[PDB]
Amino acid sequence: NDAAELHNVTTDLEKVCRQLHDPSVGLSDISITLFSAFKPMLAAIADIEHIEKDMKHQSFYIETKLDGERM
DNA sequence: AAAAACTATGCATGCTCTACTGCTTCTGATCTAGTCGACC
Ligand SMILES: *OP(=O)(O)OC[C@H]1O[C@@H](n2cnc3c(N)ncnc32)[C@H](O)[C@@H]1O
């Protein structure tokens, strides 16, 4: 049921296969753990005249985008 | 005095080292084109 979330949190098939072996017995909690790669958070296309509607009408942070490698 | 036996020698064969020169083939170094992995 929650294989995708655990895989994203841990980024390893072996751990997902081993921990989530039984179908009924799941994991109570799943979150980023030490020495376990996690999927980075990306950004979607930005509407140029709906920013406020996208921000729910609150102050927002703007920062110059950097051309490098995400790590 | 005359005939037969032993030794000197000497020229030619084949082998052996020793080297030299040429061709064929294997190994190694270098250059160039193509390919894979990671990202964005
Ligand atoms: O085009 P894209 O979706 O790959 O761009 C988003 C990625 O770029 C990273 N990024 C670049 N610059 C920044 C800043 N200033 N802050 C946060 N992330 C940034 C994103 O993390 C993403 O991988």
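Looking at this structure, is A:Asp2 out of contact with any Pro (no Cβ under 7 Å at 6 or more places or on another chain), surrounded by 11 or more Cβ atoms within 10 Å (Cβ to Cβ) and acidic (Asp, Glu)?
So A:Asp2 fits the description; yes.
Pairs please, first residue from the stretch A:56-71 and farther than 22 Å from A:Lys39 by Cα and aliphatic (A, V, I, L, M), second anywhere and more than 14 Å from the ligand (Cβ to nearest atom) and not in a loop (DSSP other than H, G, I, E, B), Cβ atoms under 7 Å, 6+ apart in sequence or on different chains.
Qualifying pairs under 7 Å: none.
Any idea which residue in the stretch A:11-35 is surrounded by the fewest Cβ atoms within 10 Å (Cβ to Cβ), counting only those that are within 16 Å of DNA strand B (Cβ to nearest atom) and on the phi < 0 side of the Ramachandran plot?
It comes out as A:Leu13.
Considering only the stretch A:59-70, I want to know if a residue exists there that is of a type in the set (S, T, N, Q) and surrounded by 10 or more Cβ atoms within 10 Å (Cβ to Cβ).
Kept after step one, since they are of a type in the set (S, T, N, Q), are these residues of the stretch A:59-70: A:59, A:64.
From what's left, surrounded by 10 or more Cβ atoms within 10 Å (Cβ to Cβ): none.
No, because not a single residue in the stretch A:59-70 is of a type in the set (S, T, N, Q) and surrounded by 10 or more Cβ atoms within 10 Å (Cβ to Cβ).
Out of A:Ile32, A:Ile62, I need the residue that is within 16 Å of the ligand (Cβ to nearest atom) and either among the basic types (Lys, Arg) or touching a helix residue (DSSP H, G or I) at 6+ places or on another chain (Cβ under 8 Å) (or both). Which one?
When all the criteria are applied, what remains is A:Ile32.
Here, each number is a calculation from the coordinates, and none is a lab measurement. Note that we place each Cβ from the backbone using ideal geometry, even for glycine, and neighbour counts take in every protein chain shown.
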